[PDB]
Amino acid sequence: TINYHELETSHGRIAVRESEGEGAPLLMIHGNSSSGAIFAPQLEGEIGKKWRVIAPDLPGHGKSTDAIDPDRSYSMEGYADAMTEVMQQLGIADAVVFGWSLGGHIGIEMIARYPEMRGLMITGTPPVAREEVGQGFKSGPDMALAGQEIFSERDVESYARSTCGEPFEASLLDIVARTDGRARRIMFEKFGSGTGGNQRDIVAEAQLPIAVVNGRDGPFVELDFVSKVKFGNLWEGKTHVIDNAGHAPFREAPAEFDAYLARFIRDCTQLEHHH
Ligand SMILES: CCCCCC(=O)N[C@@H](CCO)C(=O)O
């Protein structure tokens with residue numbers, strides 16, 4: 001049973017899905033033009049059965065309302081503010097955070113705002129300074145869509161297929177089509193204007209465990225670049241790659257992805273802590 005409910009926040013009304021797991025909490029943050037519903041395999045599977053999985057919809061996405069103030073909310077740092085507010089309302093200060101793509105960038109911004117975070121896993125996310133975008137991401141037509149306000153029906157399909165990968169389901173179109181397109185345009189411009197913290201520096205200096213897990217065949221992330229990024233505390237000492245998966249290994253290869261996520265949560269929450 002997934003517990004769905006909505007929170008009135010300063011950013012607007014935020015939809016939240018929670019599993020019924022009694023264990024330590026895991027915040028899962030979805031990507032650009034997605035929603036927390038994308039994390040069905042974790043919410044409804046072994047991860048969500050054990051751990052308290054929380055999968056909200058960002059402002060402008062899914063079942064959340066559009067942002068009260070797009071100029072405040074639609075940016076990596078603005079979304080980080082919104083998710084921090086959500087966690088405060090839920091009374092949870094020490095979640096492990098999993099961020100998918102845009103969600104991973106948001107998670108990086110959350111490090112400063114959510115100091116008791118027990119770990120951060122990023123998938124589909126190259127930590128990059130603004131000038132490093134070409135190094136961290138692969139060039140292509142779906143990539144251009146990341147910052148494009150208006151999607152035709154065909155842009156909806158191309159974007160959904162490239163970002164969500166196999167298997168494609170019609171329900172994915174509904175999610176992408178709903179997205180407030182202003183959020184794409186504004187977030188992308190602000191990323192390029194360096195309005196938030198330098199993500200390269202943030203992850204280099206961050207002391208909490210950061211896990212990096214990607215599909216080998218994703219169309220967006222430069223995996224070699226990611227494997228060279230400096231992290232303060234890289235979980236298991238390397239970046240991890242799942243064969244036969246693209247941008248969304250949590251749905252494309254759930255068992256393999258869940259092995260990493262479960263082990264990371266265990267490591268971050270159930271080992272004796274020494275500074
Ligand atoms: C080039 C800037 C990318 C910003 C983050 C983003 O939109 N990530 C997408 C993946 C890239 O299309 C996602 O959340 O899936």
Side-chain angles (χ1 to χ4, degrees), residues 9-15 29-39 55-83 85-86 99-110 123-126 128-134 136-165 168-197 199 218-221 246-248:
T9 80
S10 70
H11 288 84
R13 194 179 68 246
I14 299 302
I29 313 174
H30 69 79
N32 182 338
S33 305
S34 195
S35 81
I38 205 70
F39 296 129
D57 295 341
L58 298 174
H61 293 72
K63 300 305 189 306
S64 290
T65 59
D66 290 349
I68 290 171
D69 181 359
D71 296 327
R72 179 195 176 210
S73 300
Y74 296 155
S75 68
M76 292 160 177
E77 64 272 26
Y79 290 132
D81 277 327
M83 295 300 97
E85 182 178 353
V86 165
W100 178 40
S101 209
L102 169 63
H105 298 284
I106 296 167
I108 296 169
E109 279 282 355
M110 285 184 72
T123 291
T125 305
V128 285
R130 63 183 196 168
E131 72 277 1
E132 295 171 336
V133 62
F137 295 98
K138 300 177 184 292
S139 296
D142 291 309
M143 186 71 283
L145 293 169
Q148 176 173 307
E149 176 173 347
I150 298 300
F151 275 19
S152 71
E153 278 212 4
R154 198 84 302 114
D155 290 340
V156 171
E157 178 175 357
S158 188
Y159 188 85
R161 290 187 183 277
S162 58
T163 63
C164 287
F168 170 84
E169 289 179 85
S171 61
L172 302 176
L173 304 174
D174 303 336
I175 297 172
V176 172
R178 173 274 182 269
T179 311
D180 180 355
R182 299 176 300 173
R184 288 185 287 262
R185 171 172 51 81
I186 299 171
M187 174 279 297
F188 184 86
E189 291 174 348
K190 290 187 171 182
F191 192 29
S193 289
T195 62
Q199 293 175 26
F220 300 118
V221 178
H247 199 236

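Counting begins at 1 with the first residue of the sequence.
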### Task
Ignoring hydrogens and angles, tell me if any N or O in the side chain of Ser193 forms a donor-acceptor pair with the backbone of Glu189 under 3.5 Å.
yes
### Query
So, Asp57 side chain and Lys63 main chain: donor-acceptor pair closer than 3.5 Å or not?
yes
### Summary
Scanning both residues in full, the closest heavy-atom pair of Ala160 with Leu173 reads CB-CD2, 4.4 Å
### Query
Between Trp100 and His247, what is the ring plane arrangement, given parallel below 30°, perpendicular above 60°, and tilted in between?
tilted
### Message
Looking at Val176, is its backbone amide N or carbonyl O close enough to the side chain of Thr179 to form a donor-acceptor pair, meaning the two atoms are under 3.5 Å apart?
### Response
yes
### Query
Do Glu85 side-chain atoms and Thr9 backbone N/O form a donor-acceptor pair below 3.5 Å?
no
### Parallel, tilted or perpendicular: ring planes of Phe191 versus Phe137, cut at 30 and 60 degrees
perpendicular
### Task
Measure the CD-CD1 distance between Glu149 and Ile186 for me, rounded to the nearest 0.5 Å.
7.5 Å
#### Entry: Closest non-hydrogen atom pair, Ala37 against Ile175
CB-CD1, 4.5 Å
### Message
Looking at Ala146, is its backbone amide N or carbonyl O close enough to the side chain of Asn32 to form a donor-acceptor pair, meaning the two atoms are under 3.5 Å apart?
### Response
yes
#### Entry: Exercise: identify the closest heavy-atom pair between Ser73 and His11
OG-CD2, 2.7 Å
### Query
For the side chain of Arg13 and the backbone of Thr65, is there at least one donor-acceptor N/O pair under 3.5 Å apart?
no
### Message
Looking at every heavy atom in both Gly104 and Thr125, which two are closest together, and how far apart are they?
### Response
CA-OG1, 3.3 Å
### Query
Should the ring pair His30 and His61 be called parallel, tilted or perpendicular, given that the plane angle runs from 0 to 90° and is split at 30 and 60?
tilted
### Query
Are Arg184 and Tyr159 in a cation-pi contact, defined as NZ or CZ under 6.0 Å from the six-membered ring centre and within 45° of the axis?
no
### Summary
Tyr74 and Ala67 have their tightest heavy-atom pair at OH-N, 3.0 Å
### Message
Whether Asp66 and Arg178 form a salt bridge (side-chain N of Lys/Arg under 4.0 Å from carboxylate O of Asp/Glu) is what I want to check.
### Response
yes
